[PDB]
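Derivation of every value follows stated rules applied to the coordinates shown; laboratory data play no part. In this analysis, Cβ positions are derived from the backbone assuming ideal geometry, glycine residues included, and neighbour counts consider all displayed protein chains.
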Amino acid sequence: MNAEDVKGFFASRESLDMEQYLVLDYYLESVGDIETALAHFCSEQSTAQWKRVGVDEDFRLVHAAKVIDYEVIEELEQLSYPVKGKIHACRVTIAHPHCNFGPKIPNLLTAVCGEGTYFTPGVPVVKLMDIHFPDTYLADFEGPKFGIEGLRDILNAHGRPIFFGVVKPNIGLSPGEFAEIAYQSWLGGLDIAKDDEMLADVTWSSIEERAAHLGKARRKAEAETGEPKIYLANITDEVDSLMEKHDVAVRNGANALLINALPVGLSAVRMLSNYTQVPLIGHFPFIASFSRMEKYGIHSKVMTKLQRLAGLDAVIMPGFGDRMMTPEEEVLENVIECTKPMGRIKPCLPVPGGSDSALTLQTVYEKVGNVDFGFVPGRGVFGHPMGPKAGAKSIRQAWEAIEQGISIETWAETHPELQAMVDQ
Amino acid sequence: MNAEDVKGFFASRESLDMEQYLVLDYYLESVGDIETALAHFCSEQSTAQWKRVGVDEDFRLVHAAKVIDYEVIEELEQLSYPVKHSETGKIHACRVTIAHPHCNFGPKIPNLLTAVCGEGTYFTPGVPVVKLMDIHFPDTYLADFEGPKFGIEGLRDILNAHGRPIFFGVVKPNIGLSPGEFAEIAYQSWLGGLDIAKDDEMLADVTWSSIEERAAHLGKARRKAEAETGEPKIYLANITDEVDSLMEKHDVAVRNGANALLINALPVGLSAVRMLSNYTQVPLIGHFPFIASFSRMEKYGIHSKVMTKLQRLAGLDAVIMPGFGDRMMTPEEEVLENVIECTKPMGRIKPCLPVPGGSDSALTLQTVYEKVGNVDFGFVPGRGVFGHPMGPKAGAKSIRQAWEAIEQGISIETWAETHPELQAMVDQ
């Protein structure tokens with residue numbers, strides 16, 4: 001980068017038509033002249049060369065990403081990570097012109113966290129902290145088709161969280177065996193019975209068969225509790241066959257589908273979302289590989305944001321445990337990304353889970369601040385000493401307690417299922 | 001995990017039908033009893049519960065992942081990365097080898113990813129730091145994948161390039177240019193002796209340059225360059241777009257003249273690449289954007305060679321990767337592991353062309369060739385080609401002159417005494 005040139009990779013947002021730019025927040029550690037490196041960073045992610053030699057033109061104006069602001073946190077004695085001048089930890093805000101990639105997700109990813117993002121010479125440590133989309137960009141995306149209202153409408157669940165339950169054991173079981181356990185939890189009061197993140201279409205349990213069995217069980221549970229129930233079938237498979245698994249699962253009774261977001265691809269999720277006749281909910285496998293390092297990779301809330309934009313009606317994410325290795329603040333940022341306004345894009349249900357039970361519902365509810373979220377108790381439900389129906393019943397009893405200001409313990413004095421959980 | 005139970009997450013490979021297992025190498029740091037944690041690790045990635053209460057059954061035998069071997073590197077005073085976790089106890093850096101039964105996910109990539117590096121992999125309570133170091137696929141698993149359709153032989157057949165590397169060149173400037181303008185620069189580099197002229201990782205189908213138009217122009221330019229040099233030329237059109245429209249961009253780019261397609265592997269999805277690979281009438285080559293987000297930390301995430309491995313399996317005919325520079329932030333050993341993953345035997349799956357690039361020019365070709373050990377790789381000089389002082393044709397010509405030098409044992413400098421284009425590059 002040349003002194004004169006640096007100048008053209010900066011700008012005040014006040015001087016730009018921000019409706020043509022995406023706003024990215026990055027955490028990075030620069031080496032050598034700070035502003036020169038930031039320029040390079042911008043250049044590499046956009047126009048690396050903004051003119052033909054001997055030609056009077058400048059592609060930067062419309063195609064260059066520009067630093068609209070940055071802050072030097074501090075000077076470090078060394079990088080935060082031993083990766084192959086003075087080094088500074090910075091927080092930079094960049095305006096990237098979206099006309100370079102358009103409303104295509106793969107292309108977005110290729111620009112805001114591709115080669116330029118992680119290989120700019122003087123910027124060896126980088127972490128995408130956030131992405132702010134202007135309405136004109138958003139206007140080219142559908143968003144989730146059901147969102148929170150859609151889910152609540154189906155389950156007729158209002159003024160309370162939605163209750164998820166992962167049918168355990170998962171693997172080893174057969175469609176029939178699996179179906180009886182799901183059936184019990186639904187009778188107990190579970191709202192959603194889901195296939196484990198790792199089930200999907202396999203030889204010993206095909207989506208066709210499991211869907212046939214669980215759909216029949218689902219209906220029966222509805223008829224007996226008089227309450228709508230939903231069976232969350234895991235449909236993640238090769239992209240080439242997503243739409244078909246949807247057809248098989250849906251016609252057989254699955255009324256909601258689960259897909260592992262990244263292993264499939266955000267772009268693939270978008271295709272599937274524009275095709276579903278049913279609510280689509282995403283799981284978080286793989287995200288941890290690039291969102292755990294505090295100062296490197298991509299912040300998990302960006303992936304949640306993208307899951308919502310791609311069209312997922314609910315996003316399962318690491319929860320308020322501490323057994324799910326995520327700081328509460330982060331779990332909270334993710335929850336909010338699912339529900340905050342995003343120009344015409346419906347909010348999706350945040351489903352923070354990981355180490356919950358009837359005994360933590362109270363706490364999760366207080367941290368979230370409202371009742372719009374899914375609760376996925378991982379213990380004391382299917383493993384409940386009195387059986388699956390009892391486990392589910394204990395979760396709803398714990399909720400009733402909260403609904404009345406009574407403590408879980410007090411409420412448990414007159415509720416056996418909740419009491420058994422308290423004894424543990 | 002319960003003492004008795006740990007026992008069931010271990011096994012000697014000698015006791016297993018390894019044709020039913022994938023072999024994963026992990027680097028991890030455990031907290032507390034080592035073997036208990038390894039068991040948990042296995043459990044979480046497979047059978048978390050292997051029986052219904054009060055029932056005499058064990059799903060572990062056929063559905064559990066099992067530790068067939070591990071080595072305790074050393075005891076650490078602290079984790080390598082400050083990760084917020086529950087566990088308490090001694091922490092050890094281990095290298096563990098695991099046999100994961102593939103009947104749990106089958107020959108589907110998304111499902112593979114969900115198992116070998118999903119929730120169980122990164123959230124097992126006592127194992128807060130983990131990095132997938134390698135994946136070894138048995139032939140029976142491999143037997144359900146196609147692999148690249150052209151591979152190294154296919155590419156060499158098209159370019160009629162034998163006994164030398166394949167020469168790539170990213171047409172610069174990329175962005176700002178228009179189909180016509182872009183086409184003239186590509187045309188020069190082909191006349192100069194470039195084998196492949198490619199769209200930048202960030203071009204693709206945009207308003208100011210649509211794949212339709214750029215392909216029409218470059219295809220016409222490609223043909224002309226072939227007619228004039230008498231040598232086959234290939235135009236690498238960047239087709240990455242939403243999955244839903246991959247197959248169509250292929251049709252538009254191909255019918256217009258693009259004879260090879262470029263797709264950003266991860267932003268699109270390995271699974272998507274597989275779909276596209278089973279559909280191409282043309283060689284498919286992948287780029288590496290995004291991979292760095294999870295393969296840079298020395299002890300966390302996924303080793304980059306695993307992604308190269310998957311790119312080959314998915315069906316890519318060539319894999320562009322960070323090269324032997326040092327300006328591409330990758331240790332030479334790693335760049336080398338990746339190269340070898342593209343070419344080593346992988347049961348019926350064709351080898352793909354390794355394209356290590358990043359900071360090369362006519363002056364480093366010699367070195368890259370020596371490190372690779374053979375001539376099966378793509379060279380992507382990023383400087384001194386299009387920016388060459390004597391023009392694009394000159395830049396390309398200098399790269400091929402540098403290669404001729406090597407082909408004769410003569411030093412680049414000596415050879416440059418009688419070759420102006422190569423000399424100009426030497427003056428810099």
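What is the ratio of the Cα radius of gyration of the protein assembly as shown to 2.2 N^0.38 Å, where N is its residue count, to two decimals?
Ratio of Cα Rg to 2.2 N^0.38 Å: 0.97.
Report the gain in length on full extension from B:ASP58 to B:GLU370: 0.36 nm times residue separation, minus Cα-Cα distance, nm rounded to one decimal. Please list the in-between numbers first.
Details: separation 312, 0.36 × 312 = 112.32 nm, distance 5.36 nm.
Length gained between B:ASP58 and B:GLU370: 107.0 nm.
Quick one: A:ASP247, B:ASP241, A:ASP56, fewest Cβ neighbours within 10 Å first, how do they rank?
So the ranking, lowest neighbour count to highest, is A:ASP56, A:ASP247, B:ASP241.
Based on other C-beta atoms within 10 Å, arrange A:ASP240, A:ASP313 from fewest to most.
Exposure proxy ranking, most exposed first: A:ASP240, A:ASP313.
Please tell me the relative contact order of segment B:1-145 in percent, rounded to the nearest whole number, where contacts are Cα pairs under 8 Å and at least six residues apart.
About 39 percent, as a whole number.
Only bridges whose two residues both fall in the protein assembly as shown count here: according to DSSP, what percent of them are antiparallel, nearest 5?
Bridges in the protein assembly as shown that DSSP calls antiparallel: roughly 50 percent.
Sort B:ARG274, A:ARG379 so the one with the fewest other Cβ atoms within 10 Å of its own Cβ comes first.
Exposure proxy ranking, most exposed first: A:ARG379, B:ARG274.
Using the Cα atoms of segment A:291-424 to build a convex hull, what is its mean projected area in square nanometres? Before the final figure, lay out the partial values.
Details: hull surface 35.7 nm².
The directionally averaged projection comes out at 8.9 nm².
Taking K and R as +1 and D and E as -1, what net charge do the other residues with C-beta under 12 Å from the C-beta of A:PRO388 add up to? Before the final figure, lay out the partial values.
Working: positive: A:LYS168, A:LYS389, A:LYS393, B:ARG52; negative: A:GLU180, A:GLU417.
Charge balance in the 12 Å sphere: +2.
Using DSSP, restrict attention to beta bridges with both residues in chain A and report what percent are antiparallel, rounded to the nearest 5.
Numbers: 28 of 54 bridges.
Just about 50 percent of them are antiparallel.
How far apart, in nanometres, would the label points at B:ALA227 and B:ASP5 be if each is projected 7 angstrom from Cα along the Cα-to-Cβ direction?
Output for this residue pair reads 7.3 nm.
Work out the P(r) tail for segment A:142-424: percent of alpha carbon pairs separated by more than 26 Å, whole number.
39
Compute the helix-to-body angle for B:211-229: its Cα long axis versus the longest principal axis of chain B, expressed 0 to 90° and rounded to tens.
60
From Cα pairs below 8 angstrom and at least 6 apart in sequence, can you work out the relative contact order of chain B, rounded to a whole percent?
Computed value for chain B: 15 percent relative contact order.
If the reach is capped at under 12 angstrom between alpha carbons, list the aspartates and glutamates near A:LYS127, excluding any in the same chain fewer than eight residues apart.
By straight Cα distance, A:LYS127 reaches A:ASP25, A:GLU29, A:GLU294.
Describe numerically, in nm with one decimal, the distance between label points set 7 Å from Cα along Cα→Cβ at B:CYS103 and at A:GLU74.
Reported label-point gap for B:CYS103 and A:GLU74 is 5.5 nm.
How much length is gained if the chain between A:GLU149 and A:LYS220 is pulled fully straight, taking 0.36 nm per residue apart and subtracting their Cα-Cα distance, in nm to one decimal? Before the final figure, lay out the partial values.
Numbers: separation 71, 0.36 × 71 = 25.56 nm, distance 2.44 nm.
Extra length from A:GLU149 to A:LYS220 when fully extended: 23.1 nm.
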